[PDB]
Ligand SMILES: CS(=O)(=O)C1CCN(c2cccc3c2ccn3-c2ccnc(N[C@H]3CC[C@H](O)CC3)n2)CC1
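First, one chain by itself: the form deposited without this ligand, in structure tokens.
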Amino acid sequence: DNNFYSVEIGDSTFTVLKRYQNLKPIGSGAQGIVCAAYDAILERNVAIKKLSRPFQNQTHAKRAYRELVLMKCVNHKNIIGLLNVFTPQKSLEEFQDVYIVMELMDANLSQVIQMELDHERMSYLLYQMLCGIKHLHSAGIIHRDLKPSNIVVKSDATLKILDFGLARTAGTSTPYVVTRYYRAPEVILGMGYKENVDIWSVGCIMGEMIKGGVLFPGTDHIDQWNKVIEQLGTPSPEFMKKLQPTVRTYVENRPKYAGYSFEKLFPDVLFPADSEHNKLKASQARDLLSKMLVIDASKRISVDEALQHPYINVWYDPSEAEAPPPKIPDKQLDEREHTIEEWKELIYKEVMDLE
């Protein structure tokens, strides 16, 4: 009879529009579990993220809201497409679960890291990552959790970014929610952050692509810092000074390191043959790596500069790189506390609006 229907995927219940068929488990976001599904109406694959009673909690609801809002107003060939949203429940009283339907790409960057890209591929993917991010930043939003498994690709070589649960405007204001290996120093050492925090992640991702493996492995949150300084060498005192005093002592106590040069961090053996024409050169790649992977945020290149960098700008196209920002309904400000119930209503209105 009715509009929705239910499938058990292992221990989890997906109740969804009958259009959505053949769910298969595929993943998780910061919040949420995700299935792939056939949309019998549009006749294509999709991805359905279930968020379970997101209002359960300050955290869960904050993130859920953001992700709802951002998924809506964002508009770029390099961000993942919204397709649908719903809830099977029929009233604010009933209300408990949310579902978000998205384009399904083919794979995440996992996946690419082990294969051997030519420069044109490597550079092109980065170029796309950056356009994506310049889109978000252009409206003042920071992804915060860029990382291979949040970047997806398709076999025609296109690429999009994913998961906005952690996305928000500039920092200060909890630590351990960004994935360990991609934590910028500002994030590791608790100093709060600006948009180029995302740049650090891009650098790690790029490094991983070339390296074949995680750039700064890091066996726990504190060891993370060792891996960074072991490779890049010890930050300057100018930098130390910005640390809070408790963290400053630990840091200044670390064994000093010269660090390797990018030439030694990333030697030619690692790269493919250099390009037919000019700028797609290992050394140019090194040069970009060296302006992204920089401990001191205030000395770190921005996306705009990264788009202008010779290794990247060979694809530069203003209609991709300089598109209008997403418009965020100025209500949503990614910070304010609310209540058990205030949230419950916010999300619901928000799903309602969006249904």
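Sequential numbering from 1, following the sequence displayed.
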What number of residues from the deposited sequence go unmodelled in the gap from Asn278 to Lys279, classed as none, 1 to 3, 4 to 9, or 10 or more? none
Quick note on 66-74 and 323-331: per-entry mean CA temperature factor is higher in 323-331
Higher mean Cα B-factor in the deposited model: 90-98 or 150-158? 90-98
Comparing C-alpha B-factors across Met206, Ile79, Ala184, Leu270 in this entry, the winner is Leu270
For the listed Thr172, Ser236, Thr179, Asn226, which has the peak Cα B-factor recorded in the PDB entry? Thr172
Of the three thirds of its chain by CA temperature factor, lowest, middle or highest, which one includes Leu23? lowest
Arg168 - Cα temperature factor, lowest/middle/highest third of chain: middle
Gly192: which third of its chain by C-alpha temperature factor? highest
Chain third (lowest, middle, highest) by recorded CA B-factor, residue given as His119: lowest
When the deposited Cα B-factors of this chain's modelled residues are ordered and cut into thirds, is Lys256 in the lowest, the middle or the highest one? highest
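One more form of this protein, solved in complex with this ligand, exists but is not displayed; see below.
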Ligand-site call, this ligand overlaid in the deposited bound form, backbone or C-beta contacts under 2.4 Å, 3+ atoms: blocked
Can you work out which of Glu238, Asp106, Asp268, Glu116 has a heavy atom no more than 4.5 Å from this ligand in the deposited bound form? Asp106
Only one of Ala30, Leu289, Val314, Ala321 gets a heavy atom within 4.5 Å of this ligand in the deposited bound form. Which one? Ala30
Segment assignment from 107-115, 127-135, 198-206, 227-235: heavy atom within 4.5 Å of this ligand in the deposited bound form: 107-115
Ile26: touches this ligand in the deposited bound form, heavy atom cutoff 4.5 angstroms: yes
Going by a heavy atom distance of 4.5 Å, is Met191 a contact of this ligand in the deposited bound form? no
Considering non-hydrogen atoms and a 4.5 Å limit, does this ligand approach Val34 in the deposited bound form? yes
Is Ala47 close enough to touch this ligand in the deposited bound form, meaning at least one heavy atom pair within 4.5 Å? yes
Neighbours of this ligand in the deposited bound form among 65-94 [non-hydrogen atom within 4.5 angstroms]: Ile80
